[PDB]
Novice: 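Handing you a structure now.
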Amino acid sequence: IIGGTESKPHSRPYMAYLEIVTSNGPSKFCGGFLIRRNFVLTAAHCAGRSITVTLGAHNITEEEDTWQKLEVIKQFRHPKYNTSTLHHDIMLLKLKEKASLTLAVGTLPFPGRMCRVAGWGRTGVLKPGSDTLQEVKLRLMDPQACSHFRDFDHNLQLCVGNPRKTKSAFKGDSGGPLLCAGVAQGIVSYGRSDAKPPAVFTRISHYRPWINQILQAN
Ligand SMILES: CC[C@@H](NC(=O)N1C/C(=N/Oc2ccccc2)NC[C@@H](Cc2cc(Cl)ccc2OC)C1=O)c1ccc(C(=O)O)c(N)c1
Ligand SMILES: *[C@@H]1O[C@H](CO)[C@@H](O)[C@H](O)[C@H]1NC(C)=O
Ligand SMILES: *[C@@H]1O[C@H](CO)[C@@H](O)[C@H](O)[C@H]1NC(C)=O
Ligand SMILES: [Zn+2]
């Protein structure tokens, strides 16, 4: 998160920190959020060979009793996920156990307006990931403001962030929820490599039928 501020610890108890393993290189990370005691929603571009989820964290380098470290047993990536057009960037992760509900861990059930995104991602173009969960408020834009992304499609995606400001999600914030009036409306998907807003978020409402079908059959 660029241009944001540190979240009050444990004030977003649905936030998941994801550590992604691949076979050919070192670990990477993304965000995501708990929608069921055993299901985390995140972006499909965070897929990997295996993933570990930390719930209940603030400072991700300081282990505490609120932590719940859970294994992911199966990744369900959207079947039409497309790395050419960048569409359908969405994935559910089935947890090996159901998470405990505590004060620090809980689920989040289901243009012009201000919304909030949160993450442990880089705080600057050339900066490391943040140790602590950060958040920022961002303006929802008319779809015209994302025209320069050639494969942007207003039906599938949200255009997020006022170009006149420097506030943005960045690397490591992938998969984090965009909340508008306490409801998850988007997931961080992609933007410019220089972070100039706006950025493109997955529009959660278009994928509700697909979410429901995975959650009902597992
Ligand atoms: C795990 C995934 C990996 N991230 C990553 O690829 N991206 C690029 C990316 N790919 O998006 C796709 C790809 C295919 C289909 C649809 C969307 N999306 C977002 C991105 C971060 C980002 C987000 C926003 Cl809002 C604006 C710009 C921006 O990056 C320049 C990212 O991390 C990654 C790569 C590097 C790091 C790192 O810490 O160096 C890291 N924590 C994570
Ligand atoms: C996060 O925790 C570590 C290890 O306790 C501490 O060094 C660091 O300053 C904390 N970072 C914060 C509050 O940014
Ligand atoms: C991605 O979308 C493009 C343009 O619609 C399509 O032609 C392509 O086959 C799709 N699938 C993959 C795997 O690129
Ligand atoms: Zn704590």
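If you read the sequence from its start, that first residue is 1, and numbering goes on from there. Computed over heavy atoms, backbone and side chain alike; hydrogens, waters and symmetry mates excluded.
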Novice: With a 4.5 Å cut-off on side-chain heavy atoms, are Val105 and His10 touching?
Specialist: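 They are not in side-chain contact.
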Novice: Do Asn38 and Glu97 have side chains that approach each other closer than 4.5 Å (heavy atoms only, starting at C-beta)?
Specialist: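 No. Closest side-chain heavy atoms not under 4.5 Å.
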Novice: Going hydrophobic residue to hydrophobic residue with side-chain gaps under 4.5 angstrom, can you get from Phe110 over to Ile214?
Specialist: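 Yes, because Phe110 and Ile214 connect within a single hydrophobic cluster, where side-chain heavy atoms sit under 4.5 Å apart.
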Novice: Under 4.5 Å between any side-chain heavy atoms of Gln157 and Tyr190, yes or no?
Specialist: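 They are in side-chain contact.
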Novice: Counting distance only, does the side-chain N/O of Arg122 pair as donor-acceptor with the main-chain N or O of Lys171 below 3.5 Å?
Specialist: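 Pair absent, no side-chain N/O of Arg122 close to backbone of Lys171.
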Novice: Compare all side-chain heavy atoms of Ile35 with those of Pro109 and state whether any distance is below 4.5 angstrom.
Specialist: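 No. Closest side-chain heavy atoms not under 4.5 Å.
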Novice: Under 4.5 Å between any side-chain heavy atoms of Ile51 and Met91, yes or no?
Specialist: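 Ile51 reaches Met91 side chain to side chain.
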Novice: Applying the side-chain contact (heavy atoms from CB on, under 4.5 Å) criterion to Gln68, which one of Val53, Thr102, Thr54, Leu34 satisfies it?
Specialist: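 It is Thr102, the one option of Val53, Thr102, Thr54, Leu34 that forms the side-chain contact (heavy atoms from CB on, under 4.5 Å) with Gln68.
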Novice: With rounding to the nearest 0.5 Å, note down the distance linking OG in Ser189 to CG in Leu178.
Specialist: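 The CG atom of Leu178 is 12.5 Å from OG of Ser189, to the nearest 0.5 Å.
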Novice: Donor-acceptor pair, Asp173 side chain versus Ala169 backbone, under 3.5 Å?
Specialist: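 Looks like no, no N/O pair under 3.5 Å.
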Novice: Taking it one step at a time, do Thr202 and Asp89 satisfy side-chain hydrogen bond (donor to acceptor under 3.5 Å, both in side chains)?
Specialist: CA-CA 7 Å; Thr202 301; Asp89 186 15; 4.7 Å; no
Novice: Might you confirm whether atom CG of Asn155 has over 12 heavy atoms from other residues, nucleotides or ligands at distances under 6.0 Å?
Specialist: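 Atom CG in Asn155 is crowded, with more than 12 foreign heavy atoms closer than 6.0 Å.
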Novice: Do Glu64 and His58 have side-chain N/O donor and acceptor atoms under 3.5 Å apart?
Specialist: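 Judged by distance alone, the side chains do not pair up.
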Novice: Ignoring hydrogens and geometry, is there a side-chain-to-backbone donor-acceptor pair from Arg203 to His154 under 3.5 Å?
Specialist: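 Checking the backbone N and O of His154 against the side chain of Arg203, a donor-acceptor pair under 3.5 Å is found.
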Novice: Is any side-chain heavy atom of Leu95 less than 4.5 Å from a side-chain heavy atom of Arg36?
Specialist: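 Side-chain contact under 4.5 Å: no.
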Novice: For residues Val188 and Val200: do they belong to one hydrophobic cluster (side chain heavy atoms under 4.5 Å, members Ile, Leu, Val, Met, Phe, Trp, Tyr)?
Specialist: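 As far as the 4.5 Å side-chain criterion goes, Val200 and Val188 are not connected within one cluster.
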Novice: For the hydrophobic clusters of this structure (ILVMFWY residues joined by side-chain heavy atoms under 4.5 Å, transitively), does one cluster hold both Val183 and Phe201?
Specialist: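 Cluster IDs for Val183 and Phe201 differ.
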Novice: State, yes or no, whether a side-chain contact exists between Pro177 and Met15 at a heavy-atom distance under 4.5 Å.
Specialist: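 SC-SC contact between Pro177 and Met15 confirmed.
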Novice: Looking at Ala99, is its backbone amide N or carbonyl O close enough to the side chain of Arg37 to form a donor-acceptor pair, meaning the two atoms are under 3.5 Å apart?
Specialist: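 Yes, because the side chain of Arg37 sits within donor-acceptor range (under 3.5 Å) of the backbone of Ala99.
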Novice: Taking it one step at a time, do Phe29 and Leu18 satisfy side-chain contact (heavy atoms from CB on, under 4.5 Å)?
Specialist: CA-CA 5 Å; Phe29 75 99; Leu18 281 51; 5.9 Å; no
Novice: Please check: side-chain N/O of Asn82 versus main-chain N/O of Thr85, any donor-acceptor pairing under 3.5 Å?
Specialist: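 Answer holds: yes.
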Novice: Would you call the rings of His78 and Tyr207 parallel, tilted or perpendicular, where under 30° means parallel and over 60° means perpendicular?
Specialist: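 Aromatic pair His78/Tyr207 classed perpendicular.
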Novice: Assess whether side-chain contact (heavy atoms from CB on, under 4.5 Å) is satisfied between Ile204 and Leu158, documenting all intermediate values.
Specialist: CA-CA 9 Å; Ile204 293 172; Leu158 301 172; over 6 Å; no
Novice: Can you tell me how far CZ of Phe33 sits from CG of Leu179, rounded to the nearest 0.5 angstrom?
Specialist: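 Interatomic distance, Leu179 CG to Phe33 CZ, rounded to 0.5 Å: 8.0 Å.
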Novice: In terms of relative ring orientation, are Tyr17 and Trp120 parallel, tilted or perpendicular, with 30° and 60° separating the classes?
Specialist: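 Correct class here is perpendicular.
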Novice: Quick check for you: to the nearest 0.5 Å, what is the distance between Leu215 atom CG and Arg208 atom CZ?
Specialist: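 Answer for the CG-CZ pair, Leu215 versus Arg208, is 10.5 Å.
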Novice: Looking only at non-hydrogen atoms, find the nearest pair between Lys80 and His88 and report the distance.
Specialist: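 Taking every non-hydrogen atom into account, O-CD2, 3.2 Å.
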Novice: Apply side-chain contact (heavy atoms from CB on, under 4.5 Å) to the pair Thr42 and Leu93, showing each step before the final yes or no.
Specialist: CA-CA 8 Å; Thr42 183; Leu93 310 174; 4.0 Å; yes
Novice: Are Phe152 and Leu156 co-members of a hydrophobic cluster defined by side-chain heavy atoms under 4.5 Å apart?
Specialist: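 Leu156 does not cluster with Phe152.
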Novice: Between the side chain of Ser130 and the main-chain N/O of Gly121, is any donor-acceptor distance below 3.5 Å?
Specialist: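 No, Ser130 side chain to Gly121 backbone: no donor-acceptor pair under 3.5 Å.
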Novice: Find the distance between SG (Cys180) and CE (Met114) and round it off to the nearest 0.5 Å.
Specialist: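 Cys180 atom SG to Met114 atom CE measures 10.0 Å (nearest 0.5 Å).
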Novice: Should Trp210 and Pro79 count as side-chain neighbours, where that means a heavy-atom distance under 4.5 Å?
Specialist: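 A side-chain contact exists here, since the closest heavy-atom pair is under 4.5 Å.
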Novice: Kindly compute the distance separating OG (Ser168) from CG (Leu138), expressed to the nearest 0.5 Å.
Specialist: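 Going from OG on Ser168 over to CG on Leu138, the span is 7.0 Å.
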Novice: Does the ring center of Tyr81 lie less than 6.0 Å from the ring center of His87?
Specialist: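 No - the distance between ring centres of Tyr81 and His87 does not fall below the 6.0 Å cut-off.
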Novice: CD1 of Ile2 to NZ of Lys165: how many Å apart, nearest 0.5 Å?
Specialist: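 It is 15.5 Å, given to the nearest 0.5 Å.
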Novice: Going by atom types alone, do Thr52 and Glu19 pair a side-chain donor with an acceptor below 3.5 Å?
Specialist: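 No pair is found: no donor N or O on one side chain lies under 3.5 Å from an acceptor on the other.
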Novice: Using the rule given for side-chain contact (heavy atoms from CB on, under 4.5 Å), can you reason through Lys28 versus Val21, listing the C-alpha separation, both sets of side-chain angles and the distance that settles it, and then say yes or no?
Specialist: CA-CA 7 Å; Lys28 282 132 8 164; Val21 175; over 6 Å; no
